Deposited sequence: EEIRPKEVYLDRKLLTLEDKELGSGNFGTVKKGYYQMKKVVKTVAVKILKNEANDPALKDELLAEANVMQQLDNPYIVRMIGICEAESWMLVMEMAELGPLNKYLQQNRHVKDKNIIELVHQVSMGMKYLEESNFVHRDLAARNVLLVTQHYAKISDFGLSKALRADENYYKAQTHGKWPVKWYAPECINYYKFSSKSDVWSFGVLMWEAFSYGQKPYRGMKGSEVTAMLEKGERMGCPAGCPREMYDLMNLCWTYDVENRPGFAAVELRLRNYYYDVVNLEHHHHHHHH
């Protein structure tokens, strides 16, 4: 679990950047083979151990998760910086990939979001809230194999509550109960999966283009939702709207969302 920096080699170039630091391709020498890895490296000119604790929390969540459609942690490494080492998904973020591969078919995108729904079904069963479910945090192992990434904001739910109460705030992916009451549940992940599906079938376009968060909030408060993406199957658009049910209780969970994705995939495969 605590990895050896000497057995790890990092690429000089970055896969992607952010607030924390960098994400880099690496190779980690395992039993007698090497494993290609992606490594989240924390920038600390200064120690600010606060950020450090966030990385170990992110690791602490991944540690407990075991599913084919969730990114696997190899472990963490304390070296010239703090590092979270993960199994490499070579093709990278779904949104960027679909931007650059418009030739990809409906059926393929349905397969991809269905795999995400399966990964989220597991997360729901395990009582973890993702809290950041978007197309940028779906990574492709192949064109036909997707994995959910980025657990920096995830929370293990309490055994007596089905939700997590946050502090002050991503708005475009948040269900209304998150905006108004700061309440995060598997149902708010379901709302977010709706936005993610909209992203997928728009080939990586941004949701609610050119709108401030308060305008998005206001639009949703008056019963309005994003329009159908050009070319999107009707059944997937219908599913998006069901995911954007205002009322938390009547909004479906991932079990029901997954099932409705199975059936339509097989329908598209058998049409």
Deposited-sequence stretches lacking C-alpha coordinates, listed in sequence order: 1-7, 177-179, 282-290
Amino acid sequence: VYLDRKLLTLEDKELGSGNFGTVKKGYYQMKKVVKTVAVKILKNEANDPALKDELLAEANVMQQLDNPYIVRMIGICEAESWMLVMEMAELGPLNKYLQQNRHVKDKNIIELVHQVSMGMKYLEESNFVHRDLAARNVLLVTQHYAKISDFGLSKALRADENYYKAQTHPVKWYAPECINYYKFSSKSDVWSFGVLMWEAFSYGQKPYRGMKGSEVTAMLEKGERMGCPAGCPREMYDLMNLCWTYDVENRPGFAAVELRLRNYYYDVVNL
From here on, numbers count along this sequence of modelled residues.
Looking at the other compared entries that model residues on both sides of it, is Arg209 unmodelled in at least a third of them? no
Could you tell me whether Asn44 lacks coordinates in at least a third of the other compared entries whose models cover its neighbours on both sides? yes
For 207-215 versus 30-38, entry-based mean Cα B-factors point to 30-38
Where do the C-alpha atoms have the higher mean temperature factor in this entry, in 148-156 or in 102-110? 102-110
Most elevated Cα B-factor in the entry, residues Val138, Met118, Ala79, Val129: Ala79
Tell me, lowest, middle or highest third: where does the Cα B factor of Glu124 rank within its chain? middle
Would you mind checking where the Cα B-factor of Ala50 ranks among the modelled residues of its chain, as the lowest, middle or highest third? highest
Could you place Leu94 in the lowest, middle or highest third of its chain by Cα temperature factor, using the values in the record? lowest
Position of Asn60 among the chain's modelled residues by C-alpha B-factor, lowest, middle or highest third: middle
Modelled-residue ranking by C-alpha temperature factor, third containing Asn67: middle
